[PDB]
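Chain by chain, the residues run as shown.
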Amino acid sequence: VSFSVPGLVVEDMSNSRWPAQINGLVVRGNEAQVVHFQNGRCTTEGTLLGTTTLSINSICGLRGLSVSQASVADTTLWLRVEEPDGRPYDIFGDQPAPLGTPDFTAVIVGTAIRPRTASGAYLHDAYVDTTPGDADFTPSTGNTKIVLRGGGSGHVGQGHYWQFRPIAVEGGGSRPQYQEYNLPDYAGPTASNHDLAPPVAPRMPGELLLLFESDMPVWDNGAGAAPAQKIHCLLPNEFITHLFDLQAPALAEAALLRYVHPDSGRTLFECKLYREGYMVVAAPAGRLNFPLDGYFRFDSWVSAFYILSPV
Amino acid sequence: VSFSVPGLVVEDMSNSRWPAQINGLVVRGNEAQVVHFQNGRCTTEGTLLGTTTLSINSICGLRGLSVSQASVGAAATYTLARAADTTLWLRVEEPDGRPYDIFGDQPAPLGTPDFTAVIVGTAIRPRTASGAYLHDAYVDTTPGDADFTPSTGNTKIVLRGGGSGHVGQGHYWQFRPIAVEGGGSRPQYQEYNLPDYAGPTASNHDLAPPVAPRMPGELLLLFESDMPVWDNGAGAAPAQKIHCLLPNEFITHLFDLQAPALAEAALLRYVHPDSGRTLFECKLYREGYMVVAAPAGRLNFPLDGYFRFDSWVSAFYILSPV
């Protein structure tokens, strides 16, 4: 099976860590905070890592049956977390949490949805605090708390199917910081994470991580004063599904890709997609000023020692 | 260039008309209301139709720059509640940020909602230097609202219960869908009923064509998802669904492939690894829809199976009953 990547243009592709179109290409330096994403992790051979799901609507969310608090203004909803396909989460399996689980610390704003209940469908404004300040974010051990903001009493009884679907992160000085590179404590503050997808840090001199960027919406209680945010991923969802379906063996350490721009009638830059599932470029840190109506084209398998042309 | 379809299992794929995972396969009869979706329309050759965008996050939404209005019982409750709302006016554009071509070959910008309902969602103003902003919102796409006119370059978004001072001209906004309204007092959600893209005073144009299986004994196979329902916190409205002809992953696969169609339909087999066999077969007509030899209703098959292209066949090829 010969390797290839999608011929879709970047601006048509989606963030594998958050529900957003890709609207930027940025180069990240080797900062103190090492990229350690659990969503959007896929090798060139189509091996999914961490909490990566192919179900794009399940990304950075939680779902499962409601349970009573004892078994574990605002109303608290308690879920027995499960996988996107509705099968149970394997607590002692090879994932740090159910697939799609948020993989950063913040207060994530969204909607709690109870979409199939026979007594009537229900939904409500909600949030999930994934910072260590929330002792109840413990998806690794099978449960998580969702807070219904300003309502929900009488609607959170046990035994009904719920999803939490993300919209934004909180912003403003009083509220917990959004830190997309900071992994949560999936088992809460009393227990350790396990089976994390490994860190991503380019090994070769002069090569830096290329990230796909999106806008991150911000909630600040209607003030409209909080600074605008972004969120990044290693590969768009469309790359991940393509690689997964293909299952192409890796014939070297990296796939040399050229970014092709039809309107320019030429290649604009080249990158190496390492087998481990990340792209690097020979460029300094910062935003890449290229049009996003171009696509990546696989040209050759190359070694780690292959020297990329400067962007 | 050889034809193929994705080998992804159904429960991993997504609805091309709404932000939801596929959680059902259902067969629809040849009802009075003909399928006429504008989103999720792609031929087997990868030709996108109607308002179909590959940008999955742009599906059933609106986006563009804010503009000024100038540039453009239940009754008592409606009146009072509406007074608390703020209207946002957008000059609608395409998902990639390029302008909408009013005299182009689409009925509306790509991703535009393609059914009548009151669609509940979030109005998001994500890049403003003064500060990012968002608010609970809705878009009434029924003919009863004269201001849903994306075909002519503008549309109204209603910010529910607030938004005053935040809707000034010249800023980038998106409306991202969450649910439809439900309840007897509120406008009906009718997923098979196309909106008036130019409002009630003007006609639609360049619609993707109707979908109605032509061969006897063949009925349309649809990919189903849950449709969340908003009912002002009551939790009493009946649960809903939404359907599409092909999941997004089929559409991107077909678009990237650009395989010429070698006959009227592609014979696909639905393969279930745990069963170690094919569970049923269907025909994916070149026009971009699947049919099965089955009566109307839900198909009771596990969704951890995938479709496999086996052969090009004519319209007269007789499918094995499901």
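Residues numbered from 1 in each chain as written, not as in the entry; some residues may be left out. Chains lettered and ligands numbered in written order. Heavy atoms only, no water. Residues with missing side-chain atoms left out of burial classes, pairs and counts.

By the method listed in its record, X-ray crystallography, this PDB entry was determined to a resolution of 1.6800 Å.

Labelled according to the PDB entry, chain B appears under the name VP1, originating from Norovirus cat/GIV.2/CU081210E/USA/2010. Within the Protein Data Bank, this record goes by the title "Unliganded crystal structure of Feline Norovirus P Domain co-crystallized with HBGA A-trisaccharide".

For chain A, the PDB entry supplies the name VP1 and the organism Norovirus cat/GIV.2/CU081210E/USA/2010.

(A) Representation of the overall build of chain B. When you go through chain B residue by residue, the secondary structure sums to 2 helices and 16 strands. By the compact-globule yardstick of 20 Å for 322 residues, chain B fits well, its C-alpha radius of gyration being 21 Å. Dimensions along the principal axes, computed over C-alpha positions, put chain B at roughly 60 × 40 × 35 Å. (Helix = DSSP H or I, 4+ residues; strand = E, 2+ residues; numbered from the N terminus. Rg over C-alpha atoms; globule rule 2.2 N^0.38 Å.)

(B) Structural detail: the pairing of strand 2 (residues 62-67) of chain A. Residue and element names in this part refer to chain A. Burial analysis of strand 2 places 5 of its 6 residues in the buried class, which makes it a mostly covered element. Here strand 2 runs beside strand 8 (residues 161-170); their pairing, made up of 4 bridges, is antiparallel. Opposite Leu 62, over in strand 8, you have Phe 164 as the bridge partner. Taken together, the 4 bridges between strand 2 and strand 3 (residues 75-81) define a ladder with antiparallel strand orientation. Looking at the pairing, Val 67 lines up with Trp 78 of strand 3. (Buried < 20%, exposed > 50% of the residue type's maximum accessible area, 1.4 Å probe, protein only. Pairing = 2+ DSSP bridges.)

(C) Fine view of the pattern of salt bridges. One pass over the full model with this rule turns up 35 salt bridges over all chains. Here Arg275(A) ties to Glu45(A) by a salt bridge, and the two come within 3.0 Å at their closest N and O atoms. Ionic pairing is found between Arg258(A) and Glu270(A), a salt bridge with its closest N-O pair at 2.8 Å. Of the two residues, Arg258(A) is situated in strand 12 (residues 254-261) and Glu270(A) in strand 13 (residues 266-274); the sequence distance between them amounts to 12 residues. Judged by its relative accessible area of 21%, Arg258(A) is partly exposed. The exposure class of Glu270(A) is buried, given its relative accessible area of 10%. Connected via shared salt-bridge partners are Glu11(A), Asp293(A), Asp96(B) and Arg98(B). (Salt bridge = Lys/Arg side-chain N within 4 Å of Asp/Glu carboxyl O.)

(D) View of the nonpolar core. In terms of nonpolar packing, the biggest core is built from 67 residues, with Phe269(A), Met279(A), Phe296(A), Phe280(B), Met290(B) and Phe307(B) touching the most fellow members. If we ignore the near neighbours within four places in the chain, the residues touching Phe269(A) are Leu25(A), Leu210(A), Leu257(A), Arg258(A), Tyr259(A), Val281(A), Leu288(A), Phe290(A), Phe296(A) and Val311(A). Among the nonpolar cores identified, the runner-up in size contains 64 residues, and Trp18(A), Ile59(A), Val81(A) and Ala108(B) belong to it. (Core = buried A, V, L, I, M, F, W, Y, C linked by side-chain atoms within 4.5 Å. Contact = heavy atoms within 4.5 Å.)

(E) Summary view of the interface of chain A and chain B. At the interface, 49 residues of chain A touch 49 residues of chain B. Looking only at chain A, the three residues that lose the most surface to chain B are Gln21(A), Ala121(A) and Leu123(A), adding up to 13% of its buried area. Scanning the region where chain A abuts chain B turns up 6 salt bridges. With a closest N to O distance of 2.9 Å, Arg87(A) and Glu11(B) form a salt bridge. The interface formed by chain A and chain B contains 21 residue pairs in polar contact. Of all the secondary structure elements, the ones that give two or more residues to the side of chain A that touches chain B are strand 4 (107-114), strand 5 (122-129), strand 8, strand 10 (218-219) and helix 1 (237-246) of chain A. Of the residues contributing to the side of chain A that touches chain B, the split by class is 22 nonpolar, 14 polar and 13 charged. (Buried area = accessible area lost by both parts, 1.4 Å probe. Polar contact = N/O pair within 3.5 Å; in protein donor to acceptor, adjacent residues only side chain to side chain. Nonpolar A, V, L, I, M, F, W, Y, C, P; charged D, E, K, R; others polar.)

(F) A look at empty space enclosed by the protein. The volume enclosed by the largest cavity comes to roughly 450 Å³. Looking at the largest cavity, it is lined by 27 residues, and the ones nearest its centre are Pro19(A), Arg165(A), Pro166(A), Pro19(B) and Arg176(B). Of all the secondary-structure elements, those providing two or more residues to the lining of the largest cavity are strand 4 and strand 8 of chain A together with strand 4 (118-125) and strand 8 (172-181) of chain B. Class assignment of the residues belonging to the lining of the largest cavity gives a composition of 17 nonpolar, 8 polar and 2 charged. (1 Å grid on protein atoms, 1.4 Å probe; cavity = no way out; pocket = protein on both sides within 12 Å on 5 of 7 lines; lining within 4 Å. Points joined across faces, edges and corners; volume = space filled by probe spheres on them.)

(G) Up close: the domain arrangement of chain B. Residue and element names in this part refer to chain B. Once the domains are mapped, chain B shows domain 1 (1-58 + 188-322) and domain 2 (59-187). Computed over C-alpha atoms only, the centres of domain 1 and domain 2 are separated by 27 Å. Residue-level contacts link 40 residues of domain 1 with 42 residues of domain 2. Of the roughly 3,200 Å² buried between domain 1 and domain 2 on both sides combined, carbon and sulfur atoms contribute 58%. Considering only the side of domain 1, the residues that lose the most area to domain 2 are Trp 18, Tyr 197 and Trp 230, jointly responsible for 23% of the buried surface there. (Domains from an automatic or database assignment.)

(H) Examining the packing of aromatic side chains more closely. Residues and elements named next belong to chain A. Under the criterion given, the structure shown has 29 aromatic pairs over all chains. Where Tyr 122 meets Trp 162, the ring centres are 6.0 Å apart and the plane angle is 75°; that geometry is what we call edge-to-face. Of the two residues, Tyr 122 sits in strand 5 while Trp 162 sits in strand 8, which places them 40 residues apart along the sequence. Judged by its relative accessible area of 1%, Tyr 122 falls in the buried class. With a relative accessible area of 0%, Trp 162 lands in the buried category. Taking 5.9 Å as the distance between ring centres and 90° as the angle between the ring planes, the aromatic pair formed by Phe 239 and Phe 296 counts as edge-to-face. Placement of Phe 239 in helix 1 and of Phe 296 in strand 16 (residues 295-302) is noted, with a sequence separation of 57 residues between them. You can call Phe 239 buried: its relative accessible area is 0%. Given the relative accessible area of 1%, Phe 296 is considered buried. (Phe/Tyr/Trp six-rings, centres within 6.5 Å; stacked < 30°, edge-to-face > 60°.)

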